[PDB]
Amino acid sequence: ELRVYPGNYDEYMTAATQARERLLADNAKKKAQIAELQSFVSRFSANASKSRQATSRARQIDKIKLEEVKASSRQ
Amino acid sequence: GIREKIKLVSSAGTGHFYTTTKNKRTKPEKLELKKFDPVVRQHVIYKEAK
Amino acid sequence: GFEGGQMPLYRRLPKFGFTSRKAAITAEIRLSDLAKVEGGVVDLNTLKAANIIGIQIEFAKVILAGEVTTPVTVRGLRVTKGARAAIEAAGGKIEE
Amino acid sequence: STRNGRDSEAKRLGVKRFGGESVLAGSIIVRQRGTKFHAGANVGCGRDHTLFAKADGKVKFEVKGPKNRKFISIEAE
Amino acid sequence: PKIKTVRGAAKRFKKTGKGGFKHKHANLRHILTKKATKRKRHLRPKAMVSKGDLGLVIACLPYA
RNA sequence: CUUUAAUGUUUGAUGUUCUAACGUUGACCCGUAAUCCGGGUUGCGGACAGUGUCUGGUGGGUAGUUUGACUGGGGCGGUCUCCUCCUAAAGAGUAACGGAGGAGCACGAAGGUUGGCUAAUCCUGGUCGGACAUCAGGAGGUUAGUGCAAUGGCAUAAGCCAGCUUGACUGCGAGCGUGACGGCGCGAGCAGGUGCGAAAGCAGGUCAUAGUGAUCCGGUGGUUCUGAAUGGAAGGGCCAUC
RNA sequence: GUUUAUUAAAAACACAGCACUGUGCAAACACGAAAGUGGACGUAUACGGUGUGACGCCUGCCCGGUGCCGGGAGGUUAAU
RNA sequence: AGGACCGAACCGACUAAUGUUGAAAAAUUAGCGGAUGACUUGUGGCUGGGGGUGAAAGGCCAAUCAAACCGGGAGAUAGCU
RNA sequence: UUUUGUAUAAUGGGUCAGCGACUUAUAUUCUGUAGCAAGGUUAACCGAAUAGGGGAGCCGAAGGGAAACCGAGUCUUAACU
Ligand SMILES: [Mg+2]
Ligand SMILES: [Mg+2]
Ligand SMILES: [Mg+2]
Ligand SMILES: [Mg+2]
Ligand SMILES: [Mg+2]
Ligand SMILES: [Mg+2]
Ligand SMILES: [Mg+2]
Ligand SMILES: [Mg+2]
Ligand SMILES: [Mg+2]
Ligand SMILES: [Mg+2]
Ligand SMILES: [Mg+2]
Ligand SMILES: [Mg+2]
Ligand SMILES: [Mg+2]
Ligand SMILES: [Mg+2]
Ligand SMILES: [Mg+2]
Ligand SMILES: [Mg+2]
Ligand SMILES: [Mg+2]
Ligand SMILES: [Mg+2]
Ligand SMILES: [Mg+2]
Ligand SMILES: [Mg+2]
Ligand SMILES: [Mg+2]
Ligand SMILES: [Mg+2]
Ligand SMILES: [Mg+2]
Ligand SMILES: [Mg+2]
Ligand SMILES: [Mg+2]
Ligand SMILES: [Mg+2]
Ligand SMILES: [Mg+2]
Ligand SMILES: [Mg+2]
Ligand SMILES: [Mg+2]
Ligand SMILES: [Mg+2]
Ligand SMILES: [Mg+2]
Ligand SMILES: [Mg+2]
Ligand SMILES: [Mg+2]
Ligand SMILES: [Mg+2]
Ligand SMILES: [Mg+2]
Ligand SMILES: [Mg+2]
Ligand SMILES: [Mg+2]
Ligand SMILES: [Mg+2]
Ligand SMILES: [Mg+2]
Ligand SMILES: [Mg+2]
């Protein structure tokens, strides 16, 4: 899709190549937060005292839905 | 799946359409079939639309 | 209409139709009601004065649902095809 | 251990009207999957190989054919 | 007090000339492309409420 | 008409000033024998502050509530709808956290019809060529093939080629099958218009069985069926569809 | 020194001492639908919140995350 | 001089026995800690229920406290006995 | 009483006497009986007031269709064997 960035071209160059970078950092925040909720789920799952709390974040992983990354046509 | 929905709108001027599915990735061109139009009670051409 | 949790019958099925306000001011007339009104003129003002139709009725209609014997003259109504022949066979007259 | 526990609803196949039975027109005689019973005289064949009557009469099973295949026919008796 | 008719059931059932009720066939509202024309065509006319659930409708419609 | 300057002309933005709204929990006088309150004089801020309606943000400070079932106790793991075989005791059906596998599609041809055709695997002979390509004979017989898992089927081929095509069509439907119902399935034949074939005829999708979700709410198109005094219209209804 | 009156008196709470942070006074903060009160007839050597807890030697690296503070150029953005 | 020392009144409650339909709905007996201080006590006031007060135990608020007592909604609802 | 099952070591009851749990109102449907019968019946109210007036109105004798509309037919369909 087309996005309108005011600025001439080199004030554009920052935003277009920064909004991509901030998306990859945000996308990698969830992918590192999911992998730390899987530390709890994979450890205290069969435990009787911590099962009700591990299945509280075993169903919290299913609500993050990291946004997809498309490839630039500028190859 | 990859097969989406289209409608073949008649050419007899009346509003009548047969709805079918068509894969667009293999063939991006329109569909032309002579079908039956109950409004005018004749076999006419049905060009794809939507 | 409660079946333990599954979808009740009055909700499995879809709603249909619409209620027409013109049907509540239209009334049929049995062919035997013409011998009960007056000295031989049938209209809205005489049918509803002999308690054959309601007060708010405007479009009556005479069907073949009885046996006419007196020569009545239907003034303004919507007699059917079958009830028309029976009325004229007794000497009646139908107009507008 | 586990990884099983699946099945499908029974399709209720088999012969419905056995030999010597008086059937009407269009009444299903046998529901099959392949063609176990072949259509003979006065019976048809559905798209799913269902055999149905085409004229009222008495069902008859016979083994006509070079390959000794079961056939179903109808006698208009 | 007067019995209150179930307003939801009154919008889906109509009473015929011998006490039976007529209703509209389901499965004819959306995604009508998967369905064959023969399957659609047989769902168009109104049908009659079956014997098994004829007592569930009379309770919901005491006046109609 | 274009572009332009000057006056006025109505308005917006910013910046300095001003007192007159407003504030004063600065000072003095009176009600008054009263560190409350009101009035008066004055000084300082001054259209800022603050309050009312509307609005964007933040808001476990606070309030209402939710947080599935089966289960060889409960939790974890597994499962929840559909298709194929066995258990299923030679009609139909039949359970377990019993034993094994699949589906959430595909195709404008991979559908219809007319014409034609028949495989796997082996032996022998033959340039590259080889255990195994392509070819010529013989044995064999469907041990091959089927868009997709398994079962049943298929030579009149439902498997393999080519020509023409859109019946993958509209309104119906005698009579049956299977479900507690919602529903699902098979169907000769009738009416109107097509396709293939000389014609008899075949054609209402595909060898069959999985490839799918009701109602409410709303979107698009057609249709006077209705249209809250009347003529319209908005909004409903019906048909097709998302 | 205080604490679970009535099964726990303790290593828990408090404490003097230390640090950060807020507050220029009609102070911040609290009880109040508001007027008003406490803070205080106190004025930053004062008052409130948080953590640690005499005294001695000390308190290392990390600002990416979440808070808080500052910036105003640019993007997005409500009522009107 | 001292939130100093030993120790009666006074304030508490660390150990054991008895008591447990008790003399007592937490006491008696023998020992025990503080006892000029952040002490103790008499009389009268103030703070009240999602509130008070709390050297902080969810403690105390009339033998009742993870939300007092009385009356009302009220014959709440109870797929449970 | 509850259960697949109780002498059950599963629940309840110390005994007597008195009290203690399917009712009332208005609607709808079915059966019995009584009245009238293609008709049946009033409500409020008036009334020297269990009489008599009151037929506003309700149910039934006609159905089909979403509806206009048609009518012993009607809907679907261009039309139905
Ligand atoms: Mg629709
Ligand atoms: Mg909460
Ligand atoms: Mg509630
Ligand atoms: Mg459970
Ligand atoms: Mg069997
Ligand atoms: Mg058997
Ligand atoms: Mg059984
Ligand atoms: Mg094929
Ligand atoms: Mg052929
Ligand atoms: Mg074929
Ligand atoms: Mg297939
Ligand atoms: Mg109008
Ligand atoms: Mg419309
Ligand atoms: Mg001590
Ligand atoms: Mg204690
Ligand atoms: Mg103690
Ligand atoms: Mg003060
Ligand atoms: Mg500490
Ligand atoms: Mg540190
Ligand atoms: Mg001392
Ligand atoms: Mg004490
Ligand atoms: Mg003592
Ligand atoms: Mg001491
Ligand atoms: Mg002492
Ligand atoms: Mg006192
Ligand atoms: Mg108490
Ligand atoms: Mg509470
Ligand atoms: Mg109540
Ligand atoms: Mg109660
Ligand atoms: Mg409850
Ligand atoms: Mg029993
Ligand atoms: Mg038991
Ligand atoms: Mg016994
Ligand atoms: Mg025993
Ligand atoms: Mg005993
Ligand atoms: Mg016992
Ligand atoms: Mg018990
Ligand atoms: Mg007992
Ligand atoms: Mg009694
Ligand atoms: Mg009618």
# chains A, B, ... in the order shown; residues from 1 in each chain; ligands from 1

$ select_by_dssp --residues "stretch 8-89 of chain C" --states "strand (DSSP E)" --output "VMD selection string"
chain C and resid 26 to 29 41 to 42 59 to 62 73 to 74

$ interface_residues --of "chain B" --to "chain F" --cutoff "7 Å" --atoms "only C-alpha atoms (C1' of nucleotides)" --output "list in words"
residues 15, 33, 34, 35, 36, 38, 41, 42 and 43 of chain B

$ residues_near_ligand --ligand "ligand 27" --cutoff "10 Å" --atoms "only C-alpha atoms (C1' of nucleotides) and all ligand atoms" --output "ChimeraX atom specification"
/H:50,66-67

$ interface_residues --of "chain A" --to "chain F" --cutoff "8 Å" --atoms "only C-alpha atoms (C1' of nucleotides)" --output "list in words"
residues 45, 46, 47, 48 and 51 of chain A

$ atom_distance --atom1 "atom CA of residue E:10" --atom2 "atom CA of residue E:62"
10.2 Å

$ interface_residues --of "chain F" --to "chain D" --cutoff "9 Å" --atoms "only C-alpha atoms (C1' of nucleotides)" --output "JSON, numbers by chain"
{"F": [78, 79, 82, 83, 84, 91, 92, 93, 97, 98, 99, 100, 151, 152, 153, 154, 174, 175, 176, 177, 178, 186, 187, 188, 207, 208, 209]}

$ residues_near_ligand --ligand "ligand 39" --cutoff "9 Å" --atoms "only C-alpha atoms (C1' of nucleotides) and all ligand atoms" --output "list in words"
residues 19, 20 and 21 of chain I

$ write_last_selection --atoms "C-alpha atoms (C1' of nucleotides)" --output "PDB file, in the first residue's frame"
ATOM      1  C1'   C I  19     -49.736 -27.521  65.547  1.00  0.00           C
ATOM      2  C1'   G I  20     -46.920 -28.700  60.593  1.00  0.00           C
ATOM      3  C1'   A I  21     -46.482 -28.994  54.128  1.00  0.00           C
TER       4        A I  21
END

$ residues_near_ligand --ligand "ligand 31" --cutoff "9 Å" --atoms "only C-alpha atoms (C1' of nucleotides) and all ligand atoms" --output "list in words"
residues 2, 3 and 4 of chain I
